[PDB]
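The structure file query_4.cif is reproduced below (mmCIF, C-alpha atoms).
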```cif
data_work
loop_
_atom_site.label_atom_id
_atom_site.label_comp_id
_atom_site.auth_asym_id
_atom_site.auth_seq_id
_atom_site.Cartn_x
_atom_site.Cartn_y
_atom_site.Cartn_z
CA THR A 2 45.96 -42.59 31.89
CA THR A 3 42.30 -43.13 32.79
CA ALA A 4 39.20 -44.19 30.88
CA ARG A 5 38.01 -40.56 30.90
CA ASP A 6 41.25 -39.60 29.13
CA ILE A 7 40.78 -41.88 26.11
CA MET A 8 37.02 -42.42 25.93
CA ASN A 9 34.68 -41.17 23.22
CA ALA A 10 32.67 -38.73 25.29
CA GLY A 11 29.18 -37.46 24.58
CA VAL A 12 27.85 -40.62 22.94
CA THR A 13 24.08 -41.06 23.12
CA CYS A 14 22.68 -43.89 25.20
CA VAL A 15 19.80 -45.71 23.50
CA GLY A 16 16.65 -45.95 25.59
CA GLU A 17 15.83 -49.32 27.15
CA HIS A 18 12.28 -49.12 25.78
CA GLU A 19 13.34 -48.57 22.17
CA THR A 20 12.56 -51.51 19.86
CA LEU A 21 15.19 -53.80 18.37
CA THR A 22 14.32 -52.44 14.94
CA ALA A 23 15.06 -48.94 16.21
CA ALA A 24 18.35 -50.13 17.70
CA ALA A 25 19.30 -51.68 14.36
CA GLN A 26 18.80 -48.29 12.72
CA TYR A 27 21.20 -46.65 15.19
CA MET A 28 23.86 -49.26 14.48
CA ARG A 29 23.63 -48.56 10.75
CA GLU A 30 23.66 -44.81 11.43
CA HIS A 31 26.91 -44.99 13.42
CA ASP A 32 28.32 -48.08 11.72
CA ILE A 33 28.87 -49.85 15.04
CA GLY A 34 28.04 -53.28 16.44
CA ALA A 35 27.27 -52.40 20.06
CA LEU A 36 25.13 -49.74 21.74
CA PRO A 37 24.95 -48.70 25.39
CA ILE A 38 21.37 -49.03 26.68
CA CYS A 39 20.01 -46.82 29.48
CA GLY A 40 17.02 -46.26 31.68
CA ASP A 41 16.20 -42.79 32.99
CA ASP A 42 18.93 -40.22 33.61
CA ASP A 43 21.57 -41.94 31.47
CA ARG A 44 21.57 -44.87 33.91
CA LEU A 45 23.34 -47.81 32.22
CA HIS A 46 21.31 -51.02 31.86
CA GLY A 47 23.65 -52.93 29.58
CA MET A 48 25.14 -53.23 26.09
CA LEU A 49 23.25 -54.45 23.03
CA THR A 50 25.17 -55.93 20.10
CA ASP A 51 24.14 -56.61 16.53
CA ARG A 52 24.60 -60.34 17.10
CA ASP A 53 22.39 -60.08 20.21
CA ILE A 54 19.53 -58.83 18.05
CA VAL A 55 19.93 -61.80 15.72
CA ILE A 56 20.64 -64.55 18.27
CA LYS A 57 18.71 -63.47 21.37
CA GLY A 58 16.07 -61.65 19.37
CA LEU A 59 15.16 -63.06 15.96
CA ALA A 60 16.38 -66.60 16.67
CA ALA A 61 14.50 -66.63 19.97
CA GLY A 62 11.15 -65.92 18.34
CA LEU A 63 10.94 -62.27 19.36
CA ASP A 64 9.35 -59.59 17.14
CA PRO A 65 11.97 -56.87 16.50
CA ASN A 66 9.18 -54.28 16.35
CA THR A 67 7.98 -55.04 19.88
CA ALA A 68 10.96 -56.60 21.71
CA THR A 69 13.04 -53.88 23.39
CA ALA A 70 16.74 -53.08 23.57
CA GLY A 71 16.56 -53.34 27.34
CA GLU A 72 15.10 -56.85 27.27
CA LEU A 73 18.25 -58.08 25.56
CA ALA A 74 20.80 -55.64 26.99
CA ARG A 75 20.08 -56.51 30.63
CA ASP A 76 21.95 -59.78 30.03
CA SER A 77 25.19 -57.89 29.39
CA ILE A 78 26.17 -55.45 32.11
CA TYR A 79 29.83 -54.52 32.23
CA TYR A 80 31.54 -51.15 32.50
CA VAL A 81 34.48 -49.29 33.97
CA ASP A 82 34.65 -46.23 36.20
CA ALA A 83 35.87 -42.99 34.64
CA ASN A 84 39.06 -43.32 36.72
CA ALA A 85 39.77 -46.90 35.61
CA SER A 86 43.25 -47.73 34.33
CA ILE A 87 44.12 -49.27 30.97
CA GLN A 88 44.84 -52.56 32.73
CA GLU A 89 41.33 -52.49 34.22
CA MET A 90 39.75 -51.73 30.85
CA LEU A 91 41.57 -54.67 29.28
CA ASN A 92 40.49 -56.88 32.17
CA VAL A 93 36.84 -56.12 31.43
CA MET A 94 37.29 -56.57 27.68
CA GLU A 95 39.02 -59.91 28.24
CA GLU A 96 36.47 -61.33 30.66
CA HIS A 97 33.44 -60.36 28.56
CA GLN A 98 35.14 -60.88 25.18
CA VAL A 99 34.23 -57.43 23.83
CA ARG A 100 35.96 -54.65 21.93
CA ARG A 101 34.30 -51.71 23.65
CA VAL A 102 33.16 -50.87 27.15
CA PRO A 103 30.88 -48.19 28.65
CA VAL A 104 32.42 -45.65 31.02
CA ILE A 105 30.39 -44.67 34.10
CA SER A 106 30.61 -41.70 36.44
CA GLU A 107 28.07 -41.18 39.21
CA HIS A 108 25.96 -44.03 37.80
CA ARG A 109 25.67 -42.21 34.46
CA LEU A 110 27.14 -43.12 31.08
CA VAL A 111 29.81 -40.57 30.18
CA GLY A 112 31.44 -42.29 27.24
CA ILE A 113 32.54 -45.46 25.46
CA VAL A 114 36.10 -46.77 25.22
CA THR A 115 37.20 -49.14 22.45
CA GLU A 116 40.21 -51.43 22.24
CA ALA A 117 41.42 -49.27 19.35
CA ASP A 118 41.29 -46.22 21.62
CA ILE A 119 43.63 -48.00 24.04
CA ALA A 120 46.06 -48.91 21.25
CA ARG A 121 46.14 -45.30 20.04
CA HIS A 122 46.95 -43.80 23.43
CA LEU A 123 49.41 -46.17 25.12
CA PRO A 124 52.42 -43.80 25.08
CA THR B 2 48.04 -77.42 1.97
CA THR B 3 44.70 -76.85 0.24
CA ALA B 4 41.29 -75.52 1.25
CA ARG B 5 39.95 -79.09 1.44
CA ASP B 6 42.68 -79.87 3.98
CA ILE B 7 41.59 -77.27 6.55
CA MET B 8 37.95 -76.53 5.73
CA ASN B 9 34.91 -77.56 7.74
CA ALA B 10 33.46 -80.04 5.28
CA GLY B 11 29.83 -81.04 4.95
CA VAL B 12 28.25 -77.79 6.10
CA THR B 13 24.70 -77.33 4.83
CA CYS B 14 24.01 -74.51 2.40
CA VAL B 15 20.93 -72.50 3.45
CA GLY B 16 18.24 -72.03 0.81
CA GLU B 17 17.97 -68.66 -0.93
CA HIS B 18 14.24 -68.57 -0.16
CA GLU B 19 14.62 -69.11 3.59
CA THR B 20 13.58 -66.06 5.64
CA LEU B 21 15.98 -63.92 7.65
CA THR B 22 14.36 -65.24 10.82
CA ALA B 23 15.10 -68.79 9.68
CA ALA B 24 18.69 -67.79 8.88
CA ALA B 25 19.04 -66.33 12.39
CA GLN B 26 17.89 -69.64 13.89
CA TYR B 27 20.58 -71.52 11.95
CA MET B 28 23.24 -69.07 13.13
CA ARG B 29 22.15 -69.68 16.72
CA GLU B 30 22.15 -73.46 16.28
CA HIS B 31 25.75 -73.52 15.04
CA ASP B 32 26.93 -70.43 16.94
CA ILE B 33 28.24 -68.88 13.72
CA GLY B 34 27.94 -65.41 12.23
CA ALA B 35 27.79 -66.20 8.52
CA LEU B 36 25.89 -68.72 6.41
CA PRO B 37 26.47 -69.90 2.84
CA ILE B 38 23.32 -69.38 0.74
CA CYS B 39 22.46 -71.57 -2.27
CA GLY B 40 19.85 -71.49 -4.99
CA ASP B 41 17.48 -74.24 -6.06
CA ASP B 42 20.20 -75.24 -8.50
CA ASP B 43 22.44 -75.97 -5.50
CA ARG B 44 24.88 -73.33 -6.74
CA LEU B 45 26.38 -70.92 -4.21
CA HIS B 46 24.69 -67.53 -4.37
CA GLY B 47 26.54 -65.79 -1.56
CA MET B 48 27.18 -65.41 2.16
CA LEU B 49 24.75 -63.91 4.68
CA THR B 50 26.18 -62.52 7.92
CA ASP B 51 24.49 -61.73 11.20
CA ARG B 52 25.32 -58.07 10.71
CA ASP B 53 23.74 -58.20 7.22
CA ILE B 54 20.44 -59.23 8.79
CA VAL B 55 20.57 -56.27 11.17
CA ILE B 56 21.94 -53.63 8.78
CA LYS B 57 20.63 -54.66 5.35
CA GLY B 58 17.49 -56.18 6.80
CA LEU B 59 16.04 -54.66 9.97
CA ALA B 60 17.70 -51.25 9.55
CA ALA B 61 16.48 -51.11 5.94
CA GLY B 62 12.83 -51.52 6.88
CA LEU B 63 12.53 -55.16 5.85
CA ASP B 64 10.43 -57.78 7.66
CA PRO B 65 12.69 -60.64 8.82
CA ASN B 66 9.78 -63.07 8.42
CA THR B 67 9.39 -62.23 4.72
CA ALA B 68 12.72 -60.92 3.41
CA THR B 69 14.92 -63.79 2.24
CA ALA B 70 18.53 -64.87 2.71
CA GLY B 71 19.02 -64.83 -1.05
CA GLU B 72 17.91 -61.24 -1.48
CA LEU B 73 20.46 -60.04 1.08
CA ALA B 74 23.27 -62.43 0.12
CA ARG B 75 23.13 -61.64 -3.61
CA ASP B 76 25.90 -59.05 -3.51
CA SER B 77 28.25 -61.04 -1.28
CA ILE B 78 29.67 -63.67 -3.60
CA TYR B 79 33.20 -65.01 -3.13
CA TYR B 80 34.72 -68.46 -2.61
CA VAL B 81 37.76 -70.66 -3.19
CA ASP B 82 38.07 -74.01 -4.96
CA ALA B 83 38.77 -77.09 -2.84
CA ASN B 84 42.30 -77.20 -4.25
CA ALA B 85 42.99 -73.54 -3.43
CA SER B 86 46.20 -72.65 -1.60
CA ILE B 87 46.47 -70.71 1.65
CA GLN B 88 47.65 -67.70 -0.35
CA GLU B 89 44.53 -67.89 -2.53
CA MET B 90 42.29 -68.14 0.53
CA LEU B 91 44.04 -65.12 2.00
CA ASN B 92 43.63 -63.19 -1.25
CA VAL B 93 39.86 -63.73 -1.14
CA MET B 94 39.67 -62.86 2.56
CA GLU B 95 41.76 -59.72 2.18
CA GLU B 96 40.10 -58.42 -0.98
CA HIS B 97 36.53 -59.07 0.22
CA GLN B 98 37.34 -58.24 3.85
CA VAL B 99 35.91 -61.44 5.35
CA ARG B 100 37.06 -64.17 7.74
CA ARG B 101 34.81 -67.00 6.51
CA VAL B 102 34.92 -68.23 2.91
CA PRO B 103 32.86 -70.94 1.22
CA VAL B 104 34.71 -73.75 -0.54
CA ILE B 105 33.47 -75.08 -3.89
CA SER B 106 34.14 -78.27 -5.84
CA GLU B 107 32.38 -79.28 -9.04
CA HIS B 108 30.12 -76.23 -8.60
CA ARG B 109 28.95 -77.44 -5.18
CA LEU B 110 29.52 -76.12 -1.67
CA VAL B 111 31.79 -78.65 0.03
CA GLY B 112 32.70 -76.67 3.12
CA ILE B 113 33.59 -73.39 4.80
CA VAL B 114 37.11 -72.29 5.71
CA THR B 115 37.85 -69.70 8.38
CA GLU B 116 40.82 -67.47 9.15
CA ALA B 117 41.08 -69.41 12.42
CA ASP B 118 41.32 -72.69 10.51
CA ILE B 119 44.26 -71.23 8.62
CA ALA B 120 45.98 -69.86 11.73
CA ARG B 121 45.43 -73.11 13.65
CA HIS B 122 46.70 -75.35 10.85
CA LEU B 123 49.50 -72.99 9.85
#
```

Would you kindly transcribe this structure into structure tokens?
Amino acid sequence: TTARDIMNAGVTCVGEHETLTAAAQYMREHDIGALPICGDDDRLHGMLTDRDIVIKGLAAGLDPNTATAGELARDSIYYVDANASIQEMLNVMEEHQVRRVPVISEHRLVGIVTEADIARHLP
Amino acid sequence: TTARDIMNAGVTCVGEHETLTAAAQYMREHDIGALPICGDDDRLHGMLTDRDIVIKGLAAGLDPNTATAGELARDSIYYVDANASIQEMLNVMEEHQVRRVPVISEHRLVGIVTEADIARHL
């Protein structure tokens, strides 16, 4: 089993220049706490979490209407290759203490894999 | 075992009129994701989470520098008495779907108990 086999494919990557307020809207829209952030051509720049917006954004004196997703997401760059094994995915999740990881193929975001996805497809 | 036995006593209740930006600063200071909010009467009004600020605040078109903790915490009221049992704490956590619960005694916030506190001291 590979990341490509269990990932949620076709997820939209939020632009690095989008504001934190805009990112907050996407999180409400999809009811999620982390968004993959990209530059041009679906190139992954990092992950932005809801807590990031509060702690690294609001609590750091940034204006959510001008501070960008990229400014905060560039602090968190982790991912797995589309051919990564379950063990590898868990390794990344463990090290970074996260429940979901971006999947990359040819430098482009191709999907997102969650810990729940792994639990569902072990057999 | 009671709530008073495993709670984090002496935590400060954030004022209902404090802004969301102020609330975020407190969450950073203590590295926590939820804050107990109290009114001018010192009575608990609710809990404000980091996600609440993002979803009920920013995503709802509110200005974090003007919207208040109290306006977002109003509909998130739950707690346990200081003499509450582990089962009671679990009932509140399960039913409200939360991991942090404020502890009250004589109508005053005396601490916060977490699921981790329970697991650790279980």

Pick from B:74, B:94, B:4, B:60, whichever lies nearest to chain A using only C-alpha atoms: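 Of B:74, B:94, B:4, B:60, the one nearest chain A is B:60, counting only C-alpha atoms.
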
Report as a tab-separated table: every residue of chain B with an atom at most 12 Å from chain A, its closest pair of atoms, and their distance in Å to one decimal, counting only C-alpha atoms, with rows sorted by chain and ascending residue number.
```
residue	atom	partner	partner_atom	distance
B:20	CA	A:59	CA	10.9
B:21	CA	A:59	CA	8.4
B:22	CA	A:59	CA	5.6
B:23	CA	A:60	CA	7.4
B:24	CA	A:60	CA	8.2
B:25	CA	A:60	CA	5.0
B:26	CA	A:60	CA	4.4
B:27	CA	A:60	CA	8.0
B:28	CA	A:56	CA	7.3
B:29	CA	A:56	CA	5.6
B:30	CA	A:60	CA	9.0
B:31	CA	A:56	CA	10.8
B:32	CA	A:56	CA	8.7
B:33	CA	A:56	CA	9.9
B:34	CA	A:52	CA	7.8
B:35	CA	A:52	CA	10.9
B:50	CA	A:52	CA	9.6
B:51	CA	A:52	CA	6.1
B:52	CA	A:51	CA	6.1
B:53	CA	A:51	CA	9.5
B:54	CA	A:55	CA	7.4
B:55	CA	A:25	CA	5.7
B:56	CA	A:29	CA	5.7
B:57	CA	A:29	CA	8.7
B:58	CA	A:25	CA	9.0
B:59	CA	A:22	CA	5.7
B:60	CA	A:26	CA	4.5
B:61	CA	A:26	CA	7.7
B:62	CA	A:22	CA	8.2
B:63	CA	A:22	CA	9.7
B:64	CA	A:65	CA	9.0
B:65	CA	A:59	CA	7.9
B:66	CA	A:59	CA	9.3
```

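You will find CA of residue 75 in chain A at 22.4 Å from CA of residue 9 in chain A.
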
Selected by the PyMOL selection byres ((chain B and resi 77-84) around 7) in the shown coordinates: which residues, as a compact mmCIF listing (two decimals) with C-alpha atoms, in the coordinates of the input?
```
# COMPACT_ATOMS: atom_id res chain seq x y z
CA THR B 3 44.70 -76.85 0.24
CA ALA B 4 41.29 -75.52 1.25
CA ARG B 5 39.95 -79.09 1.44
CA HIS B 46 24.69 -67.53 -4.37
CA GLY B 47 26.54 -65.79 -1.56
CA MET B 48 27.18 -65.41 2.16
CA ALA B 74 23.27 -62.43 0.12
CA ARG B 75 23.13 -61.64 -3.61
CA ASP B 76 25.90 -59.05 -3.51
CA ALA B 85 42.99 -73.54 -3.43
CA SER B 86 46.20 -72.65 -1.60
CA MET B 90 42.29 -68.14 0.53
CA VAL B 102 34.92 -68.23 2.91
CA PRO B 103 32.86 -70.94 1.22
CA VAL B 104 34.71 -73.75 -0.54
CA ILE B 105 33.47 -75.08 -3.89
CA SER B 106 34.14 -78.27 -5.84
```

For the file shown, what are the residues hit by the PyMOL selection byres ((chain A and resi 84) around 9), laid out as a PDB file with C-alpha atoms, in the frame of the given file?
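Below is the file expr06.pdb, written as the result:
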```pdb
ATOM      1  CA  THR A   2      45.960 -42.590  31.890  1.00  0.00           C
ATOM      2  CA  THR A   3      42.300 -43.130  32.790  1.00  0.00           C
ATOM      3  CA  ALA A   4      39.200 -44.190  30.880  1.00  0.00           C
ATOM      4  CA  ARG A   5      38.010 -40.560  30.900  1.00  0.00           C
ATOM      5  CA  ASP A   6      41.250 -39.600  29.130  1.00  0.00           C
ATOM      6  CA  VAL A  81      34.480 -49.290  33.970  1.00  0.00           C
ATOM      7  CA  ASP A  82      34.650 -46.230  36.200  1.00  0.00           C
ATOM      8  CA  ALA A  83      35.870 -42.990  34.640  1.00  0.00           C
ATOM      9  CA  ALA A  85      39.770 -46.900  35.610  1.00  0.00           C
ATOM     10  CA  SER A  86      43.250 -47.730  34.330  1.00  0.00           C
ATOM     11  CA  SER A 106      30.610 -41.700  36.440  1.00  0.00           C
TER      12      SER A 106
END
```

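The smallest atom-to-atom distance between residue 71 in chain B and any of B:123, B:18, B:43, B:7, using only C-alpha atoms, is found for B:18.
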
Distance of CA of residue 114 in chain A from CA of residue 95 in chain A, expressed in Å to one decimal place: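 Rounded to one decimal, the two atoms are 13.8 Å apart.
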
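Picture a line from CA of residue 113 in chain A to CA of residue 8 in chain A; it runs 5.4 Å.
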
Would you compute, for all listed atoms of range 23-40 of chain A, the axis-aligned bounding box grown by 8 Å on each side, and then report its centre and edge lengths in Å rounded to one decimal, as JSON?
```
{"center_x": 22.0, "center_y": -49.0, "center_z": 21.2, "size_x": 29.8, "size_y": 24.5, "size_z": 36.9}
```

Ground truth for the PyMOL selection byres ((chain B and resi 118) around 12), written as a PyMOL selection string: chain B and resi 2-10+87+90-91+100-102+113-117+119-123

Please provide as an mmCIF file with C-alpha atoms, in the frame of the given file all residues within 7 Å of residue 16 in chain A, with the sequence filter that same-chain residues fewer than 2 positions apart are discarded (counting only C-alpha atoms).
```cif
data_model
loop_
_atom_site.group_PDB
_atom_site.id
_atom_site.type_symbol
_atom_site.label_atom_id
_atom_site.label_comp_id
_atom_site.auth_asym_id
_atom_site.auth_seq_id
_atom_site.Cartn_x
_atom_site.Cartn_y
_atom_site.Cartn_z
ATOM 1 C CA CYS A 14 22.680 -43.890 25.200
ATOM 2 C CA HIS A 18 12.280 -49.120 25.780
ATOM 3 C CA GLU A 19 13.340 -48.570 22.170
ATOM 4 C CA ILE A 38 21.370 -49.030 26.680
ATOM 5 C CA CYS A 39 20.010 -46.820 29.480
ATOM 6 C CA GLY A 40 17.020 -46.260 31.680
#
```

Which residue of B:17, B:95, B:42, B:72 approaches residue 108 in chain B most closely, using only C-alpha atoms: B:42

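For residue 93 in chain A, the residues within 9 Å (counting all atoms listed in the file, excluding itself and residues fewer than 3 positions away along the chain) are residues 79, 80, 81, 88, 89, 90, 96, 97, 98, 99 and 102 of chain A.
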
For residue 110 in chain B, the nearest of the candidates B:49, B:67, B:11, B:93, counting all atoms listed in the file: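 Smallest separation from residue 110 in chain B among the options: B:11.
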